[PDB]
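Count residues from 1 along the sequence. Any value given below was found using the heavy atoms of this structure, including those in side chains, with hydrogens, waters and symmetry copies removed.
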Amino acid sequence: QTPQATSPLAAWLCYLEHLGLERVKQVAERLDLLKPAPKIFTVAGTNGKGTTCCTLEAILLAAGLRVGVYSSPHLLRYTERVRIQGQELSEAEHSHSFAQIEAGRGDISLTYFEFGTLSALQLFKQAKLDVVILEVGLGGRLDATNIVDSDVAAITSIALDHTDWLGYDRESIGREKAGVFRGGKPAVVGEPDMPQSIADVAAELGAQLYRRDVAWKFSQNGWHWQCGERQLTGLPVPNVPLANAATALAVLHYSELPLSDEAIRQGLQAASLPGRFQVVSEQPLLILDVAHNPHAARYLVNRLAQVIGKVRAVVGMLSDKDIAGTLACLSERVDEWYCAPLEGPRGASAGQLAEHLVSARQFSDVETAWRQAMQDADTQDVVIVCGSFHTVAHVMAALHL
């Protein structure tokens with residue numbers, strides 16, 4: 001049955017779970033959703049989209065602007081996906097927005113993500129925003145967020161999130177992501193090892209390509225961000241990866257928005273996202289991180305090295321990830337492994353994780369694994385929960401965050 005505006009959000013999510021861009025575009029046109037705010041930033045990338053967006057948001061809010069952010073996936077609540085002024089909306093607002101998309105689409109079928117994307121646009125449109133930040137779901141060219149013409153588009157990073165396959169490489173991934181670029185608009189690339197396909201697409205489109213280590217760069221007791229002969233010096237170090245903060249500053253720079261020193265510094269000091277190298281406790285140090293590929297794992301290993309005792313990892317992953325690569329990378333720093341299954345046909349068993357490891361413990365579920373790691377942990381240890389949004393979410397639910 002079809003839910004209504006007054007139905008619980010959970011009933012809407014069940015309906016949606018049971019569901020090129022021509023179809024989602026046609027619905028957005030019917031509902032005048034293509035221009036949610038006067039300034040739109042679209043952020044693609046394999047990793048770092050979340051923390052790039054949260055840095056943009058923090059600086060723009062510090063500047064006194066009205067800002068919305070659309071991000072995905074979520075940890076505990078669907079409502080995490082749409083932030084306005086840094087905050088989540090009520091479930092009721094979501095149910096009402098979904099009902100408007102449902103009425104509005106008529107006979108046109110939409111996917112879960114298209115539906116959620118149109119709902120977000122509708123929420124943003126009503127909120128009288130200055131700037132909307134759209135995190136791409138997957139890829140770029142064919143993502144629902146690509147129906148909106150952005151003022152600035154960015155690629156945060158290029159990395160392989162899946163296993164070997166013909167024709168699947170940095171070049172193929174890059175090409176699809178570059179689909180978010182627009183003719184005559186800044187195309188910011190925060191990946192330092194940029195595939196050529198990104199430059200080729202930018203060139204076919206007529207976008208203005210602005211690459212890290214060509215057009216702008218950064219270096220790190222603050223840090224510096226430079227673009228040509230101008231720089232910001234002695235910036236505060238944020239609680240996000242500096243590469244992503246730097247991509248955010250590049251977006252802001254090429255947008256030409258007026259932004260004070262105070263807004264930049266306050267935003268950098270505020271920027272953070274749950275589950276992105278999130279310290280939840282000390283002695284022992286408990287960190288939650290949604291890393292689920294080798295590139296994300298590399299950053300995690302580097303951070304772990306500087307918080308220096310044993311490192312105990314609580315891990316669960318989806319079966320279609322590069323499990324061998326991610327676990328090989330983490331294994332550079334992880335001393336003790338606590339493996340758990342994730343539920344459903346899409347979730348890897350604990351045995352599927354353990355086959356890539358030597359000494360691994362296997363548990364019935366992530367909470368159980370995590371509790372055993374915390375029991376085993378000495379005060380000098382680090383316990384890192386990682387592998388998937390799902391793994392992190394199970395521990396956050398257990399901790400009642």
- 4.5 Å side-chain heavy-atom contact, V69 and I133: yes
- Message: Strictly distance-based, threshold 3.5 Å: is any side-chain N or O of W223 a donor or acceptor partner for the main-chain N or O of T233?
- Response: no
- Item | Nearest atoms (heavy-atom pairs only) where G267 meets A62 | N-CB, 4.1 Å
- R105 bridged to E102 by N-O distance under 4.0 Å: yes
- Query: Do the charged groups of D193 and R170 touch, with an N to O distance under 4.0 Å?
  - Reply: yes
- Stepwise, does the side-chain contact (heavy atoms from CB on, under 4.5 Å) test hold for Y338 with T368? CA-CA 9 Å; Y338 299 71; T368 301; over 6 Å; no
- Task: Indicate, with yes or no, if the rings of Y210 and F181 have centres closer together than 6.0 Å.
- Result: no
- Item | NZ/NE/NH1/NH2 to OD/OE distance under 4.0 Å, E367 and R371 | yes
- Partner set under side chain to side chain donor-acceptor pair (under 3.5 Å) for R361, not counting sequence neighbours: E336
- Query: Between the side chain of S319 and the main-chain N/O of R346, is any donor-acceptor distance below 3.5 Å?
  - Reply: yes
- Locate the shortest heavy-atom distance separating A377 from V383; write the atom from each residue and the value. CB-CG2, 4.0 Å
- Could you tell me the separation between the CG atom of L123 and the CG atom of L118, rounded to the nearest 0.5 Å? 11.0 Å
- Message: Give me the atom names and distance for the closest heavy-atom approach of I40 to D149.
- Response: CD1-O, 3.9 Å
- Item | Closest non-hydrogen atom pair between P294 and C329, with its separation | O-SG, 3.8 Å
- Less than 4.5 Å apart, any side-chain heavy atom of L34 and any of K25? yes
- Tell me, do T326 and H292 make a side-chain contact under 4.5 Å, heavy atoms counted? no
- Query: Under 3.5 Å, is there a donor-acceptor pair between the side chain of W225 and the main chain of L232?
  - Reply: no
- Query: Are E91 and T79 close enough that some pair of their side-chain heavy atoms sits under 4.5 Å apart?
  - Reply: yes
- Query: Between atom CG of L160 and atom CH2 of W165, what is the distance when rounded to the nearest 0.5 Å?
  - Reply: 13.0 Å
- Task: Please examine the side chains of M396 and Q278, heavy atoms only from C-beta on, and report whether any two atoms are closer than 4.5 Å.
- Result: yes
- Counting N and O atoms only, with roles assigned by atom type, does the side chain of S97 sit under 3.5 Å from a partner on the main chain of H94, one being a donor and the other an acceptor? no
- Would you check, one step at a time, whether the test side-chain hydrogen bond (donor to acceptor under 3.5 Å, both in side chains) holds for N293 with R298? CA-CA 9 Å; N293 55 58; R298 177 53 62 187; over 6 Å; no
- Task: Using side chain to side chain donor-acceptor pair (under 3.5 Å) as the criterion, point out the one residue from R83, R77, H74 that pairs with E88.
- Result: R77
- Euclidean distance, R212 CZ relative to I155 CD1, rounded to 0.5 Å: 14.0 Å
- Task: Report yes if some heavy atom in the side chain of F98 is under 4.5 Å from a heavy atom in the side chain of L13; otherwise report no.
- Result: yes
- Query: Does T6 offer a backbone N or O that forms a donor-acceptor pair with the side chain of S95 under 3.5 Å?
  - Reply: no
- For residues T163 and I323, determine if any side-chain heavy atom of one lies less than 4.5 Å from a side-chain heavy atom of the other. no
- Message: For the backbone of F115 and the side chain of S119, can you confirm whether one donor and one acceptor N or O come within less than 3.5 Å of each other?
- Response: no
- Task: Let me see the working for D161 and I173 under side-chain contact (heavy atoms from CB on, under 4.5 Å), right down to the final yes or no.
- Result: CA-CA 10 Å; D161 190 46; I173 288 162; over 6 Å; no
- Message: Could you check whether atom CG of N239 has more than 12 heavy atoms from other residues, nucleotides or ligands sitting under 6.0 Å from it?
- Response: no
- Query: Does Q4 CD have over 12 foreign heavy atoms under 6.0 Å away?
  - Reply: no
- Message: How long is the straight-line distance from CG of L65 back to NZ of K39, given to the nearest 0.5 Å?
- Response: 11.0 Å
- Message: Rounded at 0.5 Å granularity, tell me how far CD1 in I84 sits from CD in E57.
- Response: 10.5 Å
- Task: Looking only at non-hydrogen atoms, find the nearest pair between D213 and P192 and report the distance.
- Result: OD2-CB, 3.8 Å
- Query: With distance as the sole criterion, is a donor-acceptor pair present between the side chains of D289 and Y299 under 3.5 Å?
  - Reply: no
- Item | Any donor-acceptor pair under 3.5 Å from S349 side chain to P341 backbone | no
- Under 4.5 Å between any side-chain heavy atoms of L134 and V148, yes or no? yes
- Keeping the roles fixed (side chain from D143, backbone from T145), state whether a donor-acceptor pair exists under 3.5 Å. yes
- Query: Can any side-chain N or O of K185 pair as donor or acceptor with the backbone N or O of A153 at less than 3.5 Å?
  - Reply: no
- Task: Please test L273 against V240 for side-chain contact (heavy atoms from CB on, under 4.5 Å), starting from the C-alpha separation and ending with a verdict.
- Result: CA-CA 8 Å; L273 218 49; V240 302; 6.0 Å; no
- Interatomic distance, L300 atom CG to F277 atom CZ [nearest 0.5 angstrom]: 6.0 Å
- Task: Using the salt bridge (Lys or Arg N to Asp or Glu O under 4.0 Å) rule, take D335 and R312 through it: C-alpha gap first, then chi angles, then the decisive distance, then the call.
- Result: CA-CA 6 Å; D335 297 308; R312 301 187 184 274; over 6 Å; no
- Carefully, step by step, assess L110 and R23 under the rule side-chain contact (heavy atoms from CB on, under 4.5 Å). CA-CA 7 Å; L110 297 173; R23 293 172 297 93; 4.2 Å; yes
- When you look at CD of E29, are more than 12 heavy atoms from neighbouring residues, nucleotides or ligands closer to it than 6.0 Å? yes
- Message: Looking at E282, I want to see if its CD is surrounded by more than 12 non-hydrogen atoms of other residues, nucleotides or ligands under 6.0 Å.
- Response: no
- Query: With sequence neighbours excluded, what pairs up with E171 under the side chain to side chain contact (heavy atoms under 4.5 Å, CB included) test?
  - Reply: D169, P195, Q196, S197
- Atom CG of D164: over 12 foreign heavy atoms under 6.0 Å: no
- When you measure from the side chain of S388 to the backbone N and O of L318, does any donor-acceptor pair fall under 3.5 Å? no
- Task: Begin with the C-alpha distance, continue with both residues' side-chain angles, and end with the deciding distance and a verdict on side-chain hydrogen bond (donor to acceptor under 3.5 Å, both in side chains) for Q26 and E22.
- Result: CA-CA 6 Å; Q26 178 172 12; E22 307 181 4; over 6 Å; no
- For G275 and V392, work out which heavy atoms get closest and say how close. CA-CG1, 4.2 Å
